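Engineer: Next comes the structure file data_28.tsv, holding TSV, N, CA and C atoms.
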chain	number	residue	atom	x	y	z
A	1	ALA	N	2.85	-0.37	-8.94
A	1	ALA	CA	2.38	-0.74	-7.61
A	1	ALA	C	1.32	0.25	-7.18
A	2	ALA	N	0.43	-0.14	-6.29
A	2	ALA	CA	-0.47	0.89	-5.79
A	2	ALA	C	0.41	1.97	-5.22
A	3	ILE	N	-0.03	3.19	-5.38
A	3	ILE	CA	0.66	4.35	-4.89
A	3	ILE	C	0.72	4.28	-3.38
A	4	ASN	N	1.49	5.18	-2.74
A	4	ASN	CA	1.63	5.22	-1.28
A	4	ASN	C	0.31	5.27	-0.53
A	5	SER	N	-0.75	5.75	-1.15
A	5	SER	CA	-1.91	6.21	-0.43
A	5	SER	C	-2.65	5.03	0.19
A	6	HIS	N	-2.58	3.82	-0.40
A	6	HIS	CA	-3.15	2.64	0.26
A	6	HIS	C	-2.50	2.39	1.62
A	7	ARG	N	-1.41	3.12	1.89
A	7	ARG	CA	-0.92	3.29	3.24
A	7	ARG	C	-1.85	4.23	3.92
A	8	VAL	N	-2.11	5.36	3.25
A	8	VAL	CA	-2.79	6.47	3.88
A	8	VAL	C	-4.22	6.08	4.11
A	9	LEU	N	-4.83	5.48	3.11
A	9	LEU	CA	-6.22	5.14	3.15
A	9	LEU	C	-6.50	4.28	4.36
A	10	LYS	N	-5.71	3.23	4.60
A	10	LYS	CA	-5.88	2.50	5.85
A	10	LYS	C	-5.64	3.41	7.07
A	11	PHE	N	-4.62	4.29	7.00
A	11	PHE	CA	-4.33	5.18	8.11
A	11	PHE	C	-5.47	6.15	8.37
A	12	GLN	N	-6.08	6.67	7.31
A	12	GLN	CA	-7.16	7.63	7.47
A	12	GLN	C	-8.40	6.91	7.97
A	13	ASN	N	-8.60	5.65	7.56
A	13	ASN	CA	-9.67	4.87	8.15
A	13	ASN	C	-9.38	4.69	9.63
A	14	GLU	N	-8.10	4.49	9.97
A	14	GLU	CA	-7.72	4.38	11.36
A	14	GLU	C	-7.84	5.72	12.07
A	15	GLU	N	-7.46	6.83	11.43
A	15	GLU	CA	-7.60	8.11	12.12
A	15	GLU	C	-9.08	8.42	12.37
A	16	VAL	N	-9.95	8.05	11.42
A	16	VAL	CA	-11.38	8.20	11.65
A	16	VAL	C	-11.78	7.31	12.82
A	17	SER	N	-11.30	6.06	12.83
A	17	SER	CA	-11.64	5.15	13.91
A	17	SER	C	-11.19	5.70	15.26
A	18	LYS	N	-9.96	6.24	15.34
A	18	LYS	CA	-9.42	6.75	16.60
A	18	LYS	C	-10.20	7.97	17.04
A	19	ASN	N	-10.58	8.79	16.08
A	19	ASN	CA	-11.37	9.95	16.41
A	19	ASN	C	-12.64	9.48	17.08
A	20	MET	N	-13.27	8.40	16.59
A	20	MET	CA	-14.54	7.96	17.19
A	20	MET	C	-14.33	7.42	18.60
A	21	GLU	N	-13.22	6.71	18.81
A	21	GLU	CA	-12.92	6.14	20.12
A	21	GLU	C	-12.89	7.21	21.20
A	22	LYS	N	-12.28	8.34	20.86
A	22	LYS	CA	-12.15	9.47	21.75
A	22	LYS	C	-13.49	10.17	21.99
A	23	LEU	N	-14.20	10.44	20.89
A	23	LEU	CA	-15.40	11.26	20.87
A	23	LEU	C	-16.54	10.61	21.64
A	24	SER	N	-16.72	9.29	21.50
A	24	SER	CA	-17.84	8.63	22.17
A	24	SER	C	-17.73	8.65	23.69
A	25	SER	N	-16.50	8.60	24.21
A	25	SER	CA	-16.26	8.64	25.64
A	25	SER	C	-16.15	10.08	26.15
A	26	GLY	N	-16.05	11.02	25.20
A	26	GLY	CA	-15.83	12.44	25.47
A	26	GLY	C	-14.38	12.78	25.75
A	27	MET	N	-13.46	11.85	25.49
A	27	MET	CA	-12.10	12.04	25.99
A	27	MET	C	-10.96	12.00	25.00
A	28	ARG	N	-10.00	12.89	25.25
A	28	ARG	CA	-8.70	12.89	24.59
A	28	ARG	C	-8.04	11.57	24.86
A	29	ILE	N	-8.27	11.08	26.07
A	29	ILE	CA	-7.71	9.80	26.45
A	29	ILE	C	-8.79	8.76	26.66
A	30	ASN	N	-8.81	7.75	25.79
A	30	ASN	CA	-9.74	6.65	25.96
A	30	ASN	C	-8.88	5.51	26.47
A	31	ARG	N	-7.66	5.47	25.95
A	31	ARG	CA	-6.68	4.46	26.31
A	31	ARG	C	-5.31	5.07	26.67
A	32	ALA	N	-4.46	4.29	27.34
A	32	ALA	CA	-3.08	4.70	27.63
A	32	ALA	C	-2.34	5.03	26.34
A	33	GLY	N	-2.74	4.40	25.24
A	33	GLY	CA	-2.17	4.66	23.93
A	33	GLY	C	-2.43	6.11	23.46
A	34	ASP	N	-3.41	6.80	24.05
A	34	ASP	CA	-3.59	8.19	23.68
A	34	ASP	C	-2.68	9.01	24.59
A	35	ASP	N	-2.64	8.61	25.86
A	35	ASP	CA	-1.76	9.22	26.85
A	35	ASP	C	-1.68	8.39	28.11
A	36	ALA	N	-0.61	7.63	28.19
A	36	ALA	CA	-0.36	6.70	29.26
A	36	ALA	C	-0.38	7.37	30.63
A	37	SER	N	0.09	8.62	30.72
A	37	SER	CA	0.21	9.23	32.03
A	37	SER	C	-1.06	9.96	32.39
A	38	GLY	N	-1.75	10.49	31.39
A	38	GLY	CA	-2.99	11.19	31.63
A	38	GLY	C	-3.97	10.20	32.22
A	39	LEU	N	-3.91	8.97	31.70
A	39	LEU	CA	-4.76	7.92	32.17
A	39	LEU	C	-4.47	7.57	33.61
A	40	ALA	N	-3.20	7.25	33.91
A	40	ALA	CA	-2.83	6.84	35.26
A	40	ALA	C	-3.21	7.92	36.27
A	41	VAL	N	-3.01	9.18	35.90
A	41	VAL	CA	-3.37	10.24	36.81
A	41	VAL	C	-4.88	10.31	36.99
A	42	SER	N	-5.66	10.26	35.89
A	42	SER	CA	-7.10	10.36	36.06
A	42	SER	C	-7.64	9.18	36.87
A	43	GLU	N	-7.00	8.02	36.78
A	43	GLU	CA	-7.46	6.90	37.59
A	43	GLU	C	-7.24	7.22	39.07
A	44	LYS	N	-6.12	7.87	39.38
A	44	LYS	CA	-5.88	8.29	40.75
A	44	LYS	C	-6.90	9.34	41.14
A	45	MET	N	-7.20	10.26	40.20
A	45	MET	CA	-8.13	11.33	40.52
A	45	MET	C	-9.49	10.75	40.82
A	46	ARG	N	-9.87	9.70	40.11
A	46	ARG	CA	-11.14	9.05	40.35
A	46	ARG	C	-11.21	8.47	41.75
A	47	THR	N	-10.10	7.89	42.25
A	47	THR	CA	-10.18	7.38	43.61
A	47	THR	C	-10.29	8.54	44.58
A	48	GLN	N	-9.69	9.68	44.23
A	48	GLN	CA	-9.76	10.85	45.09
A	48	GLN	C	-11.18	11.42	45.06
A	49	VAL	N	-11.85	11.45	43.90
A	49	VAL	CA	-13.20	12.01	43.80
A	49	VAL	C	-14.20	11.18	44.58
A	50	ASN	N	-14.15	9.87	44.39
A	50	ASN	CA	-15.10	8.98	45.03
A	50	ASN	C	-14.83	8.85	46.51
A	51	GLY	N	-13.55	8.74	46.88
A	51	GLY	CA	-13.19	8.62	48.28
A	51	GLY	C	-13.58	9.89	49.00
A	52	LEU	N	-13.32	11.03	48.36
A	52	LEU	CA	-13.61	12.32	48.92
A	52	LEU	C	-15.10	12.49	49.15
A	53	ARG	N	-15.91	12.12	48.16
A	53	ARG	CA	-17.35	12.18	48.36
A	53	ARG	C	-17.75	11.33	49.57
B	1	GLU	N	0.70	-0.61	15.81
B	1	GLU	CA	0.12	0.10	14.68
B	1	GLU	C	1.16	0.93	13.93
B	2	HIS	N	2.11	1.52	14.66
B	2	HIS	CA	3.19	2.21	13.98
B	2	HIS	C	3.98	1.17	13.19
B	3	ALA	N	4.27	0.03	13.84
B	3	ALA	CA	5.03	-1.01	13.19
B	3	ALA	C	4.37	-1.45	11.91
B	4	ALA	N	3.04	-1.55	11.92
B	4	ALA	CA	2.33	-1.94	10.72
B	4	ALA	C	2.56	-0.91	9.62
B	5	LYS	N	2.58	0.39	9.95
B	5	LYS	CA	2.78	1.36	8.87
B	5	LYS	C	4.13	1.16	8.19
B	6	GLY	N	5.15	0.87	9.00
B	6	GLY	CA	6.49	0.62	8.50
B	6	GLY	C	6.50	-0.57	7.55
B	7	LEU	N	5.84	-1.65	7.99
B	7	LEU	CA	5.76	-2.89	7.23
B	7	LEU	C	5.01	-2.64	5.91
B	8	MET	N	3.93	-1.85	5.97
B	8	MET	CA	3.13	-1.50	4.79
B	8	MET	C	3.93	-0.70	3.76
B	9	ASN	N	4.82	0.18	4.22
B	9	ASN	CA	5.63	0.94	3.27
B	9	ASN	C	6.61	0.00	2.59
B	10	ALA	N	7.25	-0.86	3.38
B	10	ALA	CA	8.20	-1.80	2.81
B	10	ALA	C	7.47	-2.72	1.82
B	11	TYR	N	6.24	-3.11	2.16
B	11	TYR	CA	5.41	-4.00	1.35
B	11	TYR	C	5.14	-3.40	-0.01
B	12	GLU	N	4.61	-2.18	-0.03
B	12	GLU	CA	4.35	-1.51	-1.30
B	12	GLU	C	5.61	-1.40	-2.14
B	13	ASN	N	6.72	-1.01	-1.50
B	13	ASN	CA	7.96	-0.84	-2.23
B	13	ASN	C	8.51	-2.17	-2.74
B	14	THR	N	8.34	-3.22	-1.94
B	14	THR	CA	8.84	-4.52	-2.34
B	14	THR	C	8.03	-4.99	-3.54
B	15	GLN	N	6.70	-4.81	-3.50
B	15	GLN	CA	5.89	-5.18	-4.65
B	15	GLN	C	6.23	-4.34	-5.88
B	16	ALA	N	6.50	-3.05	-5.70
B	16	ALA	CA	6.97	-2.24	-6.82
B	16	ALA	C	8.30	-2.79	-7.35
B	17	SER	N	9.14	-3.29	-6.44
B	17	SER	CA	10.42	-3.85	-6.83
B	17	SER	C	10.19	-5.08	-7.71
B	18	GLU	N	9.27	-5.97	-7.30
B	18	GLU	CA	9.01	-7.17	-8.09
B	18	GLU	C	8.51	-6.78	-9.48
B	19	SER	N	7.60	-5.80	-9.53
B	19	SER	CA	7.02	-5.38	-10.80
B	19	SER	C	8.14	-4.83	-11.67
B	20	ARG	N	8.94	-3.89	-11.15
B	20	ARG	CA	10.00	-3.30	-11.98
B	20	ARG	C	11.10	-4.29	-12.38
B	21	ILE	N	11.40	-5.23	-11.50
B	21	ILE	CA	12.35	-6.27	-11.82
B	21	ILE	C	11.85	-7.26	-12.88
B	22	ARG	N	10.59	-7.70	-12.75
B	22	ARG	CA	10.05	-8.71	-13.66
B	22	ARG	C	9.07	-8.22	-14.73
B	23	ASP	N	8.20	-7.24	-14.44
B	23	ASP	CA	7.07	-6.93	-15.34
B	23	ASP	C	7.43	-5.95	-16.46
B	24	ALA	N	7.26	-6.39	-17.70
B	24	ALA	CA	7.62	-5.58	-18.86
B	24	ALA	C	6.52	-4.60	-19.27
B	25	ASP	N	6.89	-3.56	-20.02
B	25	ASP	CA	5.90	-2.65	-20.59
B	25	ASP	C	5.40	-3.28	-21.86
B	26	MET	N	4.15	-3.73	-21.80
B	26	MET	CA	3.51	-4.50	-22.83
B	26	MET	C	3.49	-3.75	-24.15
B	27	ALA	N	3.47	-2.42	-24.10
B	27	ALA	CA	3.39	-1.67	-25.33
B	27	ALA	C	4.64	-1.88	-26.17
B	28	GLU	N	5.81	-1.89	-25.53
B	28	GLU	CA	7.05	-1.95	-26.29
B	28	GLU	C	7.35	-3.36	-26.69
B	29	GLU	N	6.99	-4.30	-25.82
B	29	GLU	CA	7.21	-5.69	-26.19
B	29	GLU	C	6.30	-6.06	-27.35
B	30	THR	N	5.10	-5.47	-27.41
B	30	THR	CA	4.19	-5.69	-28.53
B	30	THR	C	4.83	-5.16	-29.82
B	31	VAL	N	5.50	-3.99	-29.75
B	31	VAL	CA	6.19	-3.44	-30.92
B	31	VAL	C	7.17	-4.48	-31.47
B	32	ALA	N	7.92	-5.13	-30.55
B	32	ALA	CA	8.90	-6.14	-30.95
B	32	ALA	C	8.25	-7.28	-31.73
B	33	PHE	N	7.07	-7.71	-31.30
B	33	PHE	CA	6.30	-8.74	-31.97
B	33	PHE	C	6.04	-8.34	-33.40
B	34	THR	N	5.52	-7.14	-33.59
B	34	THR	CA	5.19	-6.70	-34.92
B	34	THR	C	6.43	-6.69	-35.81
B	35	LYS	N	7.55	-6.16	-35.32
B	35	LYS	CA	8.76	-6.18	-36.13
B	35	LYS	C	9.13	-7.63	-36.49
B	36	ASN	N	9.09	-8.53	-35.50
B	36	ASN	CA	9.57	-9.88	-35.72
B	36	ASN	C	8.61	-10.67	-36.63
B	37	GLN	N	7.30	-10.41	-36.51
B	37	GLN	CA	6.29	-11.09	-37.33
B	37	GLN	C	6.48	-10.72	-38.81
B	38	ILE	N	6.77	-9.45	-39.06
B	38	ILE	CA	7.02	-8.97	-40.41
B	38	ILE	C	8.23	-9.67	-41.00
B	39	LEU	N	9.29	-9.78	-40.20
B	39	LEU	CA	10.48	-10.47	-40.66
B	39	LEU	C	10.19	-11.96	-40.93
B	40	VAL	N	9.32	-12.60	-40.13
B	40	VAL	CA	8.92	-13.98	-40.43
B	40	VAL	C	8.21	-14.03	-41.77
B	41	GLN	N	7.26	-13.12	-41.96
B	41	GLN	CA	6.47	-13.13	-43.18
B	41	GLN	C	7.31	-12.86	-44.42
B	42	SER	N	8.29	-11.96	-44.29
B	42	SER	CA	9.20	-11.61	-45.38
B	42	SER	C	10.01	-12.85	-45.76
B	43	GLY	N	10.46	-13.59	-44.75
B	43	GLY	CA	11.21	-14.83	-44.91
B	43	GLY	C	10.41	-15.83	-45.72
B	44	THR	N	9.17	-16.05	-45.30
B	44	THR	CA	8.33	-17.07	-45.90
B	44	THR	C	8.17	-16.79	-47.40
B	45	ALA	N	7.70	-15.58	-47.74
B	45	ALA	CA	7.45	-15.24	-49.14
B	45	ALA	C	8.73	-15.27	-49.98
B	46	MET	N	9.85	-14.80	-49.44
B	46	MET	CA	11.02	-14.71	-50.29
B	46	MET	C	11.66	-16.07	-50.49
B	47	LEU	N	11.51	-16.98	-49.53
B	47	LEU	CA	12.04	-18.31	-49.77
B	47	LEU	C	11.27	-18.97	-50.90
B	48	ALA	N	9.97	-18.66	-51.02
B	48	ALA	CA	9.19	-19.19	-52.14
B	48	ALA	C	9.82	-18.72	-53.46
B	49	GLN	N	10.33	-17.48	-53.47
B	49	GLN	CA	10.98	-16.95	-54.67
B	49	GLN	C	12.41	-17.50	-54.81
B	50	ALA	N	13.07	-17.74	-53.68
B	50	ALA	CA	14.40	-18.34	-53.66
B	50	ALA	C	14.38	-19.71	-54.31
B	51	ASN	N	13.26	-20.41	-54.15
B	51	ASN	CA	13.05	-21.70	-54.78
B	51	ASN	C	13.09	-21.58	-56.30
B	52	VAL	N	12.76	-20.40	-56.83
B	52	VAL	CA	12.71	-20.22	-58.25
B	52	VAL	C	14.09	-20.13	-58.84
B	53	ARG	N	14.96	-19.31	-58.22
B	53	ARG	CA	16.37	-19.16	-58.62
B	53	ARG	C	16.86	-20.11	-59.78
Here is the file; what I need is its structure written in the form of structure tokens.
Structural biologist:
Amino acid sequence: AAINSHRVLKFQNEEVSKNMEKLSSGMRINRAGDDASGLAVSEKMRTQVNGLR
Amino acid sequence: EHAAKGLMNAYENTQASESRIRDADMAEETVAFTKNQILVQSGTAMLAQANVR
């Protein structure tokens, strides 16, 4: 059978993909899937930043 | 995506299972052919001599 790595190879293609998702936006969190709570809080912070301005 | 990794591991292992359950090592089965072919050939020639008896 193909060795385990055809698991890894898809995963590493995915880890490369995930790295790009984060990097292009400049963020650790691009989606809730990176951090569900970091996201919800930053969305609140955004209303605070804009409302405050 | 985590679920997919789980499924992919089971997939590789299941395919390895099919191979090990059904697929023979061609090298050794080929050895069997050679032994059996020789015995066929030995049969053929000696029956020609058996006819002489």
Engineer: Can you work out the spacing between CA of residue 33 in chain B and atom N of residue 1 in chain A in Å, to one decimal?
Structural biologist: 24.7 Å
Engineer: Please, which residues of chain B lie no more than 6.5 Å from chain A when the count uses only N, CA and C atoms, and can they be set out as a PyMOL selection string?
Structural biologist: chain B and resi 8+12+15-16
Engineer: Quick one: pull the distance between atom N of residue 35 in chain B and atom N of residue 48 in chain B, Å, one decimal.
Structural biologist: 20.2 Å
Engineer: Can you measure atom C of residue 26 in chain A to atom N of residue 52 in chain A for me? One decimal in Å is fine.
Structural biologist: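 Spanning atom C of residue 26 in chain A to atom N of residue 52 in chain A is a straight-line distance of 22.7 Å.
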Engineer: Among chain A, which residues does DSSP mark as helix (DSSP H, G or I) when it is run on the backbone? Keep the chain and numbering as in the structure and answer as a PyMOL selection string.
Structural biologist: chain A and resi 5-25+32-52
Engineer: Find the smallest box with edges along x, y and z containing every listed atom of range 26-36 of chain B, then add 3 Å on each side and report centre and edge lengths in Å to one decimal, as JSON.
Structural biologist:
{"center_x": 6.5, "center_y": -6.2, "center_z": -29.2, "size_x": 12.2, "size_y": 15.0, "size_z": 20.8}
